[PDB]
Ligand SMILES: Nc1ncnc2c1ncn2[C@@H]1O[C@H](COP(=O)(O)OP(=O)(O)OP(=O)(O)O)[C@@H](O)[C@H]1O
Ligand SMILES: [Mg+2]
Ligand SMILES: [Mg+2]
Ligand SMILES: [Mg+2]
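Protein chains in written order, with the entry's author numbering: chain F, 1 to 65, 73 to 214; chain B, 1 to 297; chain A, 1 to 130, 137 to 759.
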C-alpha cells in the first residue's frame with residue numbers, strides 16, 4: 001500500500017537553496033545554503049523540492065483553463088476540503104561526497120556576481136554560496152496507495168512534475184543560471200504490501 | 001522487553017505547542033495516534049484499539065538511546081533526604097535523562113551529575129527557515145523547529161508482549177513518518193523489535209517505588225489512591241485533531257492533563273484510553289496508560 | 001500595648017547611632033535617639049521611646065524596677081540580640097564613656113568574608129555618597151561628621167510628615183533604605199562592620215513583630231521574666247518563628263514561550279506582570295497577618311522569604327491564603343503558573359546559629375518546598391482540569407490557549423491585558439492595584455500602569471488602593487511602595503532601534519547572564535562564625551539591589567541600545583543591537599567583578615538572531631548558550647565546572663571571560679585597525695581565511711599552505727608584519743582567531759544594519 005519512489009538529483013549549473021540564518025553559517029559567507037545540522041553537508045529539503053514540484057504541476061495541470076489531482080498528492084487544509092496527502096517527501100542529503108573528494112574539491116562554492124547601475128554605471132558586487140554542479144542527491148519519496156484506480160494518474164503526474172523540474176530550477180536565483188537539475192535512476196518499488204502493477208509504474212517513471 | 005529501537009535518517013519535528021520548537025523525544029500518545037492513523041489507513045482501527053485497551057499492547061514513550069546506552073528521564077524521587085553533604089537535586093537539575101541501568105547508582109547517590117550530561121550527547125536542534133511562495137503577493141516566511149539525531153543515536157520504546165498487528169503497523173509507520181512535518185522531509189526512521197534481557201531484569205523486579213514511564217492519567221476511581229506519596233509533574237496534552245473525516249474543519253481536541261513520564265508513585269495505577277474528541281464523525285483517543293518501572297526507595 | 005508602637009520603636013531603635021555620630025553631645029546613643037524621636041510630637045507615646053531608649057541590658061536594668069512588665073522593649077532588646085547573632089550581644093553601648101568610639105568608620109562589604117575559605121579575607125568599605139550604586143573600595147575611607155549631619159537633616163525632613171501608624175511603616179522603611187543603607191550598625195573594630203544600620207534595624211523589626219505575635223498567641227504577659235530576668239534560654243529553645251518560602255514555578259514558559267508576531271513587545275510586560283504578582287501576593291499575605299514590610303527578608307526572582315510567627319492563627323491564615331492562591335492560579339493559568347507555599351518552624355537559637363545549624367533552616371525549608379512542588383494539585387483539581395476541557399476551533403495567537411478567549415479576537419484575556427500594559431509601560435510610570443484595572447490580580451484586584459497624575463485622582467478618594475512606583479521622591483507624603491526591577495528600555499520599537507545602527511549585520515543580540523553558584527554562596531559562602539539573619543539579609547540585598555538598580559543605572563550611564571526584559575535576582579535577560587549587547591557583556595562582567603570584588607563569578611550566553619526570529623526560540627537558544635557557558639571546564643581533571651565563561655552565538659564558542667576579553671578583543675582590535683583599508687576583494691580574502699582556519703582541523707598541510715598564500719595576497723593593504731602576526735595566531739591560537747575574524751566580518755558587514 002506504500003510505494004517508495006527512488007532516484008537521484010544531479011546538479012547541472014549550481015544550486016542555491018535556503019537561508020541558514022544562524023551565526024555559524026552567516027559568519028563564513030554572505031548568503032549561505034542549507035546544510036545538514038550535524039554533518040554540515042548540503043541538502044535539498046523535502047519542502048523545497050515538494051513546493052517547486054507542486055508549483056510546476058499546478059501550473060501545468062491548469063495552464064489557464073487547486074484541482075483534485077494536486078490536492079490528493081500534496082494535501083489540503085484550506086477551509087472545508089481536507090485531503091491528507093499521498094506523497095511523503097524526505098530531506099535529500101548529499102550523496103556525492105566520496106566522489107567529490109576524488110576531484111579535490113569542496114561540495115560548495117561562492118559565486119561572485121554584481122549589479123551595474125543604469126543611471127550612474129556604478130557596479131556593486133555580491134557573493135552567493137552555491138552547491139557545485141555535479142553534486143548528486145539520492146531521494147526517496149513515499150507514496151501512500153490509498154486508491155487503486157488513481158495510482159497510475161498520480162504517477163503520471165509525478166513524472167510530469169519531475170520533467171517540469173528538469174526544464175526549470177530547484178532553488179534560488181534560477182533565472183540567473185542556478186539550480187538546474189536532472190533526474191536519473193528513477194524507480195518505484197513496493198515497500199509494504201503486494202502491488203502487481205508496479206511494472207507499469209516503473210514504465211511511467213522510466214519514460 | 002521488546003525495545004522498539006528507532007533509527008532516524010532525517011531531522012525530526014516533535015512539537016510541544018509550536019512549529020518553531022522541537023523536543024528530542026515523542027510521547028506515548030503521539031505513537032499511539034500514529035499507529036491508530038496507520039490502522040485506519042489499513043482498516044483495522046478497532047482491532048488496534050481493542051488490543052491497546054485490553055493491555056495486549058502497552059508501550060512506554062520514546063526515550064533516547066546513545067550507543068547501546070538506554071536512557072530514562074530523571075525520575076522525580078522523594079529522595080535527596082541525605083541532608084548532610086553532596087549536591088542532591090542541586091547539580092541534578094540540568095540532568096534530564098539517566099541511564100536505565102545506572103538507576104541504582106542514582107538512587108543511592110554516586111552518579112556523577114556533570115559526567116552524565118556531556119556523556120549524554122544526542123544530535124542537536126535546528127530551525128529550518130521556509131516560505132510559502134506567492135506568485136504575485138509577498139512570500140510569507142515560516143520556520144520549523146527540528147531535531148537531528150546522531151550516527152549511533154535514536155529513540156526507543158518499551159513494548160511488552162509485542163503483537164503481529166503492532167509489528168505490521170510499525171512497518172507501515174516507517175513510510176509515513178512520525179512527528180510534525182512528516183509529509184515534508186522530517187518523519188523518517190527504521191525500527192527493530194530487538195528483544196533485550198538486561199532490560200527485562202529491571203522490569204521483572206519489584207519495589208516500593210513505581211517510576212511512571214509514559215504519560216498516564218489514572219481513572220477517577222483510582223486518582224485519589226494514585227495521589228498518595230506521589231512525586232509527579234502534570235503535563236497538558238492536546239492540539240488539533242489530525243484526520244480527514246472529522247468535523248470538515250480544523251478543530252482542537254480537549255486538553256487532557258496527564259502525569260509526565262518521569263513521575264514516581266508508590267501505588268500502581270492503570271490509566272485509560274481517553275476520548276478527547278466527541279463532537280466529530282469518529283472518536284479521537286488519547287493514550288494515557290501507565291507504564292511502570294519499579295525500584296527500591 | 002500596641003504592636004505598631006513596637007514595630008516603629010524596633011525600626012528606630014538605633015536612631016541614636018546616627019544621631020550620636022552626627023552631632024557632638026557625648027551621650028549614650030539610646031538616650032540621644034530617644035530625645036531625637038521625642039523631638040517629634042506624633043512620635044511620643046512612651047512606648048516608642050521605651051523601645052528606642054531601653055533595648056540594651058544596662059539601660060533596661062537601670063529602669064526595669066520602675067518600668068512595668070510586658071513593656072514592649074524587652075521584645076526589642078531580645079530582637080536586637082537575635083538579629084546580631086554570634087556578634088556582640090551584651091556589652092557597652094555606643095555613646096557610653098567606657099570606650100573611645102570611632103564615629104568615622106565606613107561599613108565593610110559583605111563580600112569581604114564571602115567565600116573566604118577559597119578566596120581569602122579582605123578589608124573593603126563603601127565610600128560615602130551625597137542611587138547611584140556604591141561600589142566597595144580597598145582604600146580605607148572615612149565618614150565625616152557632615153555626612154551624618156546631612157543624614158540627620160534629611161531624616162528630620164522625612165519624619166515630620168510621618169506617623170506611628172500602619173500605613174506609614176512602608177514610608178519609614180523607605181526612609182531607612184534610602185539613608186541608613188550605607189552607615190554601619192556598629193563602629194567597632196576587632197569585628198565585622200559590614201552590617202548596615204538599615205539591614206540590622208529591618209531584621210530587628212521583623213524579629214520583634216514575630217516575637218510579639220507569638221507572645222500574644224501563647225498568652226505571655228511577663229516579658230521581663232520570660233526574656234530578660236534570665237538569659238532567655240527557654241525562649242531561645244522554643245520555636246517562635248516560621249520561615250516561609252513563596253516559590254513561583256513556570257515563569258520561563260509563561261514569559262518567553264510565546265509565538266505572536268508582536269511577541270517581542272510583550273516580554274517586558276510579562277516579566278513585569280510576574281514580578282508585581284509576587285510582590286502583591288507577599289504584601290497581601292503580610293497585611294493579612296498584620297505584619298510590616300520588614301518581615302519580607304527577600305523578594306524577587308520568582309521567590310520570597312518571609313519571617314512569620316509560629317502560631318496557630320498564622321498557620322490557619324497561611325492555609326486559607328494558599329488555597330485561595332492555588333484556586334486563582336488554576337483559574338487563570340491552568341498549570342502554566344504555580345506558587346508553592348512552604349514554611350518551617352525555627353527558633354531563636356536557629357536564627358542566632360547558637361545550636362550550630364542556622365543553615366538547617368533553609369535546608370529543611372527547601373526540602374519542604376520541593377516536597378510541595380512534587381505534589382502540587384490534589385485529586386480534585388486534576389479532575390476539574392480534565393472536566394473543563396472543550397473542543398475549540400480557535401486559540402490564542404501567542405498563548406495558544408483555547409480558554410479565556412476574546413469573542414472578537416483570537417487572543418487570551420491575559421494575552422490582551424499584557425499587550426495593553428506593554429503599550430502603557432513607559433518611563434516614570436507608577437502601578438496601581440485597585441478593584442479596576444488591566445491585569446488580573448489575586449484576591450479580586452486588578453493592576454494598571456497608569457501615570458502619576460491619574461493615580462493621584464485614584465487614591466485621594468477611594469478604598470484600598472495600592473500604589474507601586476520605581477522611584478519614590480518625598481518619601482513621607484504620597485504613600486507608595488517602591489518596587490525594584492531591571493526595566494531599562496532604550497527604545498521599545500525593537501525595529502527602529504535596529505534601523506538606528508549603520509554599520510554591522512542587522513541582527514538582534516540576546517544576553518542571558520547568571521551568577522555562578524549563588525546558592526552555594528548562600529549555603530556555605532559565609533563563614534560559620536559570622537552567620538546571622540542580618541548578614542544574610544545584607545548579602546541578599548546587595549545582590550538584588552546590584553542586579554535591578556545598578557543594571558538600570560549602568561545601562562542609563564551611556565545610551566546602550568538595550569531593551570532589558572528582566573534583571574531581578576541572579577539572572578538577566580536583555581535584547582538589543584548585537585554590537586551593543588556584545589560591548590555591554592564585558593562591562594557587565596567587570597562591574598559585577600568590582601561589586602563582588604571577585605568573590606562571585608557570572609556566566610553569560612550571547613545569542614544573535616534576526617528581527618523576525620521567534621522570541622521563544624531566542625530565549626531557548628540563549629538559555630542553551632548560557633548553560634554551555636556554565637558547562638565551561640578547561641581541564642577534564644577537576645571537579646565541578648569553572649563556570650566563569652561566556653558563550654558567543656553558538657555552543658561551540660564558549661570562552662572564559664578573561665580569554666574572551668584579552669585574546670578575542672585584542673585580536674579584534676588589531677584586525678579592525680589593520681583591515682580598514684582593504685578592498686572588496688579583501689573582504690572575500692577574509693572569508694577565505696575563515697574557511698581555511700575552520701578546515702585546518704581536517705587539512706594539516708595543504709590548508710596551512712593555502713592560508714599562507716592568502717596572507718601573501720593580503721599583505722599589500724595590511725602590511726607584512728600583520729600577515730606574519732596572523733600566520734602566528736593561526737598556528738597558535740586558532741579558535742580565538744576564528745572568533746575574532748567572524749566578529750569582524752559581522753561588525754563590518756555592509757548589508758545595512
Ligand atoms: N518576572 C520574571 N521575569 C523573567 N524572569 C524571571 C522572572 N521571575 C523569575 N525569573 C527567572 O526565571 C528563572 C527560572 O524560573 P522558573 O520558576 O520558571 O524555573 P525554576 O527556577 O527551576 O523553578 P521550578 O523548579 O519550580 O520550575 C529563574 O532563574 C528566575 O530568576
Ligand atoms: Mg521557582
Ligand atoms: Mg546562578
Ligand atoms: Mg538564576
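We treat Cβ as the ideally placed atom computed from N, Cα and C, and that holds for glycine.
- Residues close to ligand 3 by the beta carbon criterion (under 5 Å to any non-hydrogen atom) are, from first to last along the chain, A/520, A/521, A/524 and A/576.
- Per DSSP, reduced to three states, the secondary structure at residue 309 of chain A is strand.
- When the beta-carbon positions are compared, residue 42 of chain F and residue 104 of chain F stay at least 7 Å from each other.
- In the assembly as shown, residue 212 of chain A is a buried residue. Its beta-carbon has 16 or more other beta-carbons within 10 Å.
- Residues of chain F whose Cβ lies closer than 7 Å to the Cβ of residue 697 of chain A are, in chain order, 28.
- Distances from the CB of residue 550 of chain A to the heavy atoms of ligand 2 are all 6 Å or more.
- Taking each of A/245, A/104 and A/703 in turn and checking the Cα distance to residue 18 of chain A, the smallest one comes out for A/104.
- Looking at A/314, A/602, A/54 and A/746, the one whose alpha-carbon comes closest to that of residue 681 of chain A is A/746.
- The three-state secondary structure of residue 294 of chain A, taken from DSSP, is helix.
- Taking each of B/275, B/240, B/165 and B/250 in turn and checking the Cα distance to residue 15 of chain B, the smallest one comes out for B/240.
- For residue 128 of chain B, the chain F residues whose C-beta falls within less than 7 Å of its own C-beta are 45, listed in chain order.
- Here residue 52 of chain F is near residue 177 of chain F, since their CB atoms are less than 7 Å apart.
- Selection A/93, A/246 and A/272 evaluated against residue 194 of chain A yields A/93 as nearest (Cα-Cα).
- Between residue 255 of chain B and chain A, the shortest Cβ-Cβ separation is below 7 Å.
- Remark: the shortest separation between the CB of residue 253 of chain A and any heavy atom of ligand 2 falls under 6 Å.
- In chain order, 98 place their CB closer than 7 Å to the CB of residue 106 of chain B, counting only its own chain and leaving out the 5 sequence neighbours on each side.
- A residue is called buried once 16 or more other Cβ atoms fall within 10 Å of its Cβ, and residue 50 of chain A is buried on that count.
- Bounds of the alpha helix (DSSP H) holding residue 733 of chain A are 726-738.
- Annotated three-state conformation of residue 172 of chain B is helix, per DSSP.
- Inside the stretch 634-717 of chain A, DSSP marks whole beta strand (DSSP E) runs of 3 or more residues at positions 651-654 and 660-662, from first to last along the chain.
- Distance from the CA of residue 86 of chain A to the CA of residue 357 of chain A, rounded to the nearest whole angstrom, comes to 10 Å.
- Taking residue 340 of chain A as reference, the option from A/351, A/407 and A/274 with the minimal CA-CA separation is A/407.
- Residue 164 of chain B sits exposed, since fewer than 16 C-beta atoms from the chains shown fall within 10 Å of its C-beta.
- Around the beta carbon of residue 47 of chain A, 16 or more other beta carbons sit within 10 angstroms, so the residue counts as buried.
- Taking the Cβ atoms as the reference, residue 585 of chain A lies roughly 18 Å from residue 689 of chain A, outside the contact range of under 8 Å.
- The C-beta separation of residue 127 of chain B from residue 143 of chain B comes to about 5 Å, placing the pair in contact by the 8 Å criterion.
- Taking residue 122 of chain B as the centre and dropping the five residues before and after it, the same chain places the C-beta of 24, 64, 66, 149, 150 and 153 closer than 7 Å to its C-beta, in chain order.
- In the structure shown, residue 200 of chain B adopts helical secondary structure according to DSSP, grouped into three states.
- Distance from the CA atom of residue 31 of chain B to the CA atom of residue 178 of chain B, rounded to whole angstroms, is 8 Å.
- Taking the Cβ of residue 572 of chain A as the reference point, at least one heavy atom of ligand 1 falls within a distance shorter than 6 Å.
- A distance criterion of 6 Å places the beta-carbon of residue 178 of chain F beyond contact range of ligand 2, judged by its closest non-hydrogen atom.
- For residue 23 of chain F, the closest Cβ of chain A is nearer than 7 Å.
- When DSSP assignments are scanned along the stretch 6-81 of chain B, the uninterrupted stretches of beta strand (DSSP E) that are 3 or more residues long and fall wholly within it turn out to be 63-66 and 71-73.
- The Cβ of residue 234 of chain B sits closer than 7 Å to at least one Cβ of chain A.
- Taking C-beta atoms under 8 Å as the contact rule, residue 17 of chain F and residue 44 of chain F qualify, at a distance of about 6 Å.
- A straight line joining the alpha-carbon of residue 49 of chain F with that of residue 307 of chain A spans about 48 Å.
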